[PDB]
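> give me a 3D structure for the following:
(6 chains, ligands or ions: 49)
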Amino acid sequence: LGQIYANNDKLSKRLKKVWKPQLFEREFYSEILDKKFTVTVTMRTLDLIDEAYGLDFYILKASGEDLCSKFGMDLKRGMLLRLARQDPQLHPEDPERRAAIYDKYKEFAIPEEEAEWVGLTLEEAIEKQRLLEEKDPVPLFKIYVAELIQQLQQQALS
Amino acid sequence: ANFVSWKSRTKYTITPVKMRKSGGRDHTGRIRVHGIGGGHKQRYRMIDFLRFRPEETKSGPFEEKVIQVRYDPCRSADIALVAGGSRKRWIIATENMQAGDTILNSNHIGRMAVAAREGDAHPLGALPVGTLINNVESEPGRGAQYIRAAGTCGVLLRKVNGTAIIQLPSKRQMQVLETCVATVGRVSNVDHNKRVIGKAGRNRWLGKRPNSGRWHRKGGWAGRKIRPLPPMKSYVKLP
Amino acid sequence: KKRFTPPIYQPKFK
Amino acid sequence: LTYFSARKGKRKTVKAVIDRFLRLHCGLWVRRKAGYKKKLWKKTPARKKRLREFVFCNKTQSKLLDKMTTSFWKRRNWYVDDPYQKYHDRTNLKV
RNA sequence: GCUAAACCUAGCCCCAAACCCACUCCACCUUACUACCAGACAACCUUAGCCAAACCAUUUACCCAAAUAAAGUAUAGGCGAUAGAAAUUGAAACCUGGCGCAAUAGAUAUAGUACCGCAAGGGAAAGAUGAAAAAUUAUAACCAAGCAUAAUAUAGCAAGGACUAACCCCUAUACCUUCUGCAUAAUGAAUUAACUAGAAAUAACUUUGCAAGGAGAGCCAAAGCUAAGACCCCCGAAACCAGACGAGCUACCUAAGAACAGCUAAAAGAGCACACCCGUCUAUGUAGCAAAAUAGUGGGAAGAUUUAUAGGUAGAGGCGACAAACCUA
RNA sequence: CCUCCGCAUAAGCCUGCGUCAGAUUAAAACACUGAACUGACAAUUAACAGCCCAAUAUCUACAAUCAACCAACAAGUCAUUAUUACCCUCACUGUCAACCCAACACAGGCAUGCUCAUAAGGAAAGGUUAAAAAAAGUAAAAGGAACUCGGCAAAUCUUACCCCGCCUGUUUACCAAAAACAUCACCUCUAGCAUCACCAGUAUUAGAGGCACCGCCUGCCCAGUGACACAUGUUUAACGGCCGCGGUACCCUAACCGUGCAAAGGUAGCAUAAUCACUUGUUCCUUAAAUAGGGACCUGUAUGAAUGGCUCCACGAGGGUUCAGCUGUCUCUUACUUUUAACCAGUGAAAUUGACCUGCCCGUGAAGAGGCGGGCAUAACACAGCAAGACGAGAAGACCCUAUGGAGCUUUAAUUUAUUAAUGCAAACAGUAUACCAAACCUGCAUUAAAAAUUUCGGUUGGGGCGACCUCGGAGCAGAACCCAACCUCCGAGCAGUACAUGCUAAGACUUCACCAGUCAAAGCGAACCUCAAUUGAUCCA
Ligand SMILES: [Mg+2]
Ligand SMILES: [Mg+2]
Ligand SMILES: [Mg+2]
Ligand SMILES: [Mg+2]
Ligand SMILES: [Mg+2]
Ligand SMILES: [Mg+2]
Ligand SMILES: [Mg+2]
Ligand SMILES: [Mg+2]
Ligand SMILES: [Mg+2]
Ligand SMILES: [Mg+2]
Ligand SMILES: [Mg+2]
Ligand SMILES: [Mg+2]
Ligand SMILES: [Mg+2]
Ligand SMILES: [Mg+2]
Ligand SMILES: [Mg+2]
Ligand SMILES: [Mg+2]
Ligand SMILES: [Mg+2]
Ligand SMILES: [Mg+2]
Ligand SMILES: [Mg+2]
Ligand SMILES: [Mg+2]
Ligand SMILES: [Mg+2]
Ligand SMILES: [Mg+2]
Ligand SMILES: [Mg+2]
Ligand SMILES: [Mg+2]
Ligand SMILES: [Mg+2]
Ligand SMILES: [Mg+2]
Ligand SMILES: [Mg+2]
Ligand SMILES: [Mg+2]
Ligand SMILES: [Mg+2]
Ligand SMILES: [Mg+2]
Ligand SMILES: [Mg+2]
Ligand SMILES: [Mg+2]
Ligand SMILES: [Mg+2]
Ligand SMILES: [Mg+2]
Ligand SMILES: [Mg+2]
Ligand SMILES: [Mg+2]
Ligand SMILES: [Mg+2]
Ligand SMILES: [Mg+2]
Ligand SMILES: [Mg+2]
Ligand SMILES: [Mg+2]
Ligand SMILES: [Mg+2]
Ligand SMILES: [Mg+2]
Ligand SMILES: [Mg+2]
Ligand SMILES: [Mg+2]
Ligand SMILES: [Mg+2]
Ligand SMILES: [Mg+2]
Ligand SMILES: [Mg+2]
Ligand SMILES: [Mg+2]
Ligand SMILES: [Mg+2]
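Numbers count the residues shown, from 1 in each chain, chains lettered A, B, ... in the order given. Ligands and ions are numbered 1, 2, ... in the order given. Next up is the structure itself:
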């Protein structure tokens, strides 16, 4: 959202011009997730994918300041969780393909306790922390009887 | 602006549905079409423009029977409910159609030309050359849209191999597929251009506000344009 | 034009 | 000339005065006569020579040029190859 | 001596320090101050403009990272009114007040109360005896504008000179200003009490201190450097943008209702004529009953008529049987 | 005595003329005590209207107008079926009033039923006298519009003629209500068509425009603009336009011919008109007296055929005149009643005020003196009426002028297409024997018709526009050093006929009344031995 002069001269009229990128509704194929998605990809993204030799490499190598999208961060987090948890991607009867896929993407391997907090926003992080720290209030009767039995054991064993 | 359309009925019926006037108000509320507003209350009739249509568990041709010819305020021509079988649907009436008439809604195209009357309907592939037709369609199984006013009618011109050129009332040619069903004859309620208004009360009852009182200077489009006939528009899709 | 000024009412405390 | 700025609150100068004049330490401004490079075919060589001379200003003009500048342009510079070095100091002055 | 004059405390502004808070039970997103039932749609957007350059179309600190010298330097700029850095030595933790005020001052505030509009919003004065009001006592009086006590006594911008005594005798054309010239019949004024209008740099002048050096880092210097004193008004317009509000009067539209005696009724967007819709004229008043009234003479009154209820169309626009008419006097 | 009122429903804060004590003070325009009050006492109890409806699929074309004859057009205000489950029952909101919106206890406004005057409800008058003036009511010896621009209140009851608009109606709420806008008839252009108004419509339709019925008719033009074809053309009921001179027998008003231009050189009709000044036109009538009104004429050089021209059936709070009869508008005013007027009792303003012990004439002044000079005038103080003056009161004049202060309208005045539809190029897809085809949807560049984001509209002008000028020199005003203006009267200049030492430095002066600018020149190195009067252009940038 910038401004552009008339005949490329400052001695004319200052008009406002907004450029728009080009959108090509294509279809990709992720090897880590094994599912095709329809994404309105542009040209620079396709060039970066071709230079990174695939889509999974382009997603896992680029940091959060390069995707500029929530779907990219979600895909990155999903791939990290799939590579960390060692969950069966495809299906049994052929583990060699899954082993080769896991060996192809081995230069990262982010731990499980740190891959779950990749790409989440502030509100989503607060919600996840509240859900993990929920815990219904335990009745005080159990604590009372525990303190009572501890006190009676302490006064009896002495 | 809570503007909801009154067209809330997904099932065809016979009872006239009450309609709400607009007066040039869309969904925003601003006047976009001037000259509409303030008129006599009217009731909408669900008019079935598709002529040939099979009933439940039906496929072959079926007979009909005209009952009574009424009048429709939503258009210039009059309507007439025609009963037949186990259902009744409103269709557009034609010229010289009274009570006790019999019409046919066939579809089997024959080898020769069928000398049908001015009430029954048959596809354009079985009608002779030079026959006054009306309510012509554009696509097989779409519905009659062209030539539906009062007294308007079209005449068949020629035939090639799978098309049928129909002469429109505007002296313009237009072809269509051969498997299109069109009625034969002229629409009823003739002599409509002779309806002398007499006073502005009739226009106020019909629901037409008077024109604007501003004096607009005529530009360059107010002159007479002696232009030739535009070319024939084709609706047949060719690969 | 038709020039005209509206009167001003004082508060009801005086 | 903005007597008080909005960030430093100091005094600003006019760059046109610096680009069109030259102040000496004695208190004189060296200027140039206008029209010394345009339409030289209709002028006598005497006028061409007169227009190509470093002419000094007056009193009110010098005061205006001093007021348009700050204390930085009223110092004394010691350049290595200054052609106007002998004109900075003014000797033989009797009121 | 009546009217009426003063009696200090709620506190009010900025510093240093410190980071400041939000359910006793019920009600609060529909007609908030409503206990109880079946489509889950609702944010993610260059701000603009005034002024200045004597107009104005480029431009005009406001951009939220601590000082200063560099430096208002290179630079940008219808190269002009203006804007403006960076590289660089550097930046001593902890202490509770007012050479500010006391109700026309200081926050508008005892208060965001009354009052104005349907609406956003605008929005003002308050309280004075006293140790003992469970001391209803006898005193403390005395000063401005308005009054009686105690009216006028012929002549004159209200004044001066004067004598044994107010007048009588002589002289003498109110106040500030745009103006050569104003009391002029030009502008302002009824008084009293409170408040209100010259804020500041480079360069200059004077007086201490030091001195070829001055100066508490930076700057200047062929008698200079530092410090101090000295100086440059107030109020009053039509215009433009941004964020929100209005069709309850009036323009238009939508859904359901109501109104129109009687006679002639030629079949009628027929006639006279009640109630009703609007107001062509006379007379009354223009600080009136009324910031648009009073009687008839008026046109319509079975329809292009009026009206009770509810909803929608709003300014780079709404609407318009086109009056630049109306959009809460 | 009035009832042009009242009672209910609809909308509206909800306690607002019931009692008690205070009624010393405080609000009644004064009093009693109470519709302009302080505290306590409690009204209204529903049956009145609301608070509403368990679902799945399906059904509902022969109006109302006494609805029975007839007759229509604006085509219309009301209804169920099959199945499943459900036998607990009367809770909630208001029932007062003299009341609402307009700052008010306001001669303003409010929807339906009830007898359209009654069974609802209220008092034009405080008293004293009959001043003048003003307003509202009855009539008058004679004339009945002779007064006034005009029949302007008023009562009799009123005919004909002309213009304009077809008619009803509506428009400037609050100075114009009209000839102004609309209305059926007519004409022009655009559109081959399915879901949000247009339209649940189909070229007898819809949208965008001009006049506005019926009768006579609409004659010409694409040189110029736009629109349509890109075939050089079509369009005018699209923007607009339809001559001049000379010769013409006795007199205006000519037949006819020649000439130059161009689309044609005013067709029909009508009129001195709502029609540029001449125009009070020839002439007849209406009056005894007529720029008032009607009738036959166009030199109308500026009327004119949908910016439509004229009669005609009906009509107009539109604009003018008149006939038979009558109204004090007048000659010439008058008789009575009320509001009001004068005094008594109280609440009690608004505008306005420099102070006044405030007379007249002549003359003077900032040009119209109660305050100045010379005269005339003079015991003091209130009430009751008129306007001659105090350039009296209300609006920083709406008329004229200034403003580098604004705003509205229209462009062929300036920067530009920021948003469409058409285009050409580049990326994006897919077939295709060294060639063509470029579909639906996104991105950037440049162009064309609509919108627009912003702005200004120079100066003197014996008030402003129009008349004239915008720089400089000379002749007299300005006479003998110098300077001096006028919209005082005259010549001119934006250059030239010939060699480039028309090279470079450097003392001293004049200077168009300031500055920016211009001009002369001592001497030296270099070289052989400049004429005319104004005769012109700076900053930035290239
Ligand atoms: Mg029309
Ligand atoms: Mg019109
Ligand atoms: Mg400016
Ligand atoms: Mg720095
Ligand atoms: Mg205060
Ligand atoms: Mg205050
Ligand atoms: Mg006193
Ligand atoms: Mg005297
Ligand atoms: Mg003074
Ligand atoms: Mg003045
Ligand atoms: Mg003067
Ligand atoms: Mg005066
Ligand atoms: Mg004045
Ligand atoms: Mg005054
Ligand atoms: Mg409304
Ligand atoms: Mg209207
Ligand atoms: Mg009628
Ligand atoms: Mg009538
Ligand atoms: Mg107009
Ligand atoms: Mg009641
Ligand atoms: Mg009022
Ligand atoms: Mg009674
Ligand atoms: Mg009375
Ligand atoms: Mg009285
Ligand atoms: Mg008489
Ligand atoms: Mg007369
Ligand atoms: Mg009359
Ligand atoms: Mg009319
Ligand atoms: Mg009016
Ligand atoms: Mg009206
Ligand atoms: Mg009127
Ligand atoms: Mg008209
Ligand atoms: Mg014509
Ligand atoms: Mg004339
Ligand atoms: Mg007369
Ligand atoms: Mg009328
Ligand atoms: Mg009295
Ligand atoms: Mg004098
Ligand atoms: Mg005099
Ligand atoms: Mg006077
Ligand atoms: Mg003035
Ligand atoms: Mg000026
Ligand atoms: Mg201006
Ligand atoms: Mg401006
Ligand atoms: Mg504006
Ligand atoms: Mg001028
Ligand atoms: Mg003049
Ligand atoms: Mg000089
Ligand atoms: Mg020489």
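> from here on, just use CA atoms for contacts and neighbour counts.
OK.
> pull the longest helix from chain D.
Longest helix of chain D, by residue count under DSSP state H: helix D:59-67.
> ugh, typo on my part, it should be chain A
Max-length helix for chain A by DSSP H is helix A:140-157.
> output the set of residues of chain D in proximity to RNA strand F.
D:32-35, D:38-39, D:42-47, D:49-51, D:57-58 (CA under 7 Å from any atom of the strand).
> picking up where we left off before, can you give me the buried ones in the longest helix of chain A?
Neighbour counts over helix A:140-157 (16 or more other CA atoms under 10 Å in any protein chain shown) mark no residue as buried.
> helices of the chain, start to end?
Unless you meant another one, I'm taking chain A. Using DSSP H, helices in chain A cover A:44-51, A:55-61, A:64-67, A:70-85, A:95-104, A:112-115, A:122-132, A:140-157.
> think we crossed wires, I meant chain B
Taking DSSP H, the helices of chain B run over residues B:200-206.
> neighbours around residue B:125, how many?
When neighbours are counted by other CA atoms under 10 Å in any protein chain shown, residue B:125 registers 24.
> and what of residue B:108?
13.
> any figure for the gap between it and RNA strand E?
Applying CA to the nearest atom of the strand, to the nearest Å, the value for residue B:108 to RNA strand E is 43 Å.
> that residue and RNA strand F: what is the separation?
21 Å.
> distance check, that residue against residue B:52.
11 Å (CA to CA, to the nearest Å).
> swap in residue B:102?
Distance of residue B:102 to residue B:52, given as CA to CA: 15 Å.
> in chain A, what residue comes closest to ligand 2?
Closest approach of chain A to ligand 2 (CA to the ion) occurs at residue A:15, with a separation of 40.7 Å.
> beta partners of that residue?
residue A:4 (DSSP bridges).
> hmm, it is touching residue A:7, no?
No - the criterion here is CA atoms under 8 Å, and residue A:15 misses it with residue A:7 at 10.7 Å.
> so which of residue B:102 and residue B:52 has more stuff around it?
Taking other CA under 10 Å, residue B:102 and residue B:52 do not tie; residue B:52 has more neighbours (21 against 16).
> skipping adjacent residues, who's closest to the more buried one in space?
residue B:105 (5.6 Å; CA to CA, 6 or more residues apart in numbering or on different chains).
> number of nearby residues for the residue lying closest to residue A:119 once chain neighbours are set aside?
Nearest in space to residue A:119, with sequence neighbours left out and distances taken as CA to CA, 6+ apart, is residue A:73 at 4.8 Å. Residue A:73 has 20 neighbours, counted by other CA under 10 Å.
> about what we covered before: how about the residue of chain A closest to ligand 2, what does it touch?
Shown in contact with residue A:15 (CA atoms under 8 Å, 6 or more residues apart in numbering or on different chains): A:3, A:4, A:5, A:6.
> dump the residue contacts of the third one.
Which is residue A:5. A:12, A:13, A:14, A:15, A:16.
> what about residue 46, neighbour count?
Here I'm looking at chain A. For residue A:46, using other CA under 10 Å, the count is 14.
> hmm, no, I was thinking of chain B.
Counted with other CA under 10 Å, residue B:46 comes out at 16.
> who's in contact with it?
Counting by CA under 8 Å, 6+ apart, residue B:46 has contacts B:12, B:13, B:14, B:16, B:17, B:90.
> look up how far residue D:13 lies from the last one.
Using CA to CA, residue B:90 is found at 91 Å from residue D:13.
> quick check: residues of chain A near RNA strand F?
So chain A meets RNA strand F at A:6-7, A:11-13, A:15-24 (CA under 7 Å from any atom of the strand).
> ok, these vs RNA strand E, which is closest?
Nearest to RNA strand E among those: residue A:13, at 3.2 Å, using CA to the nearest atom of the strand.
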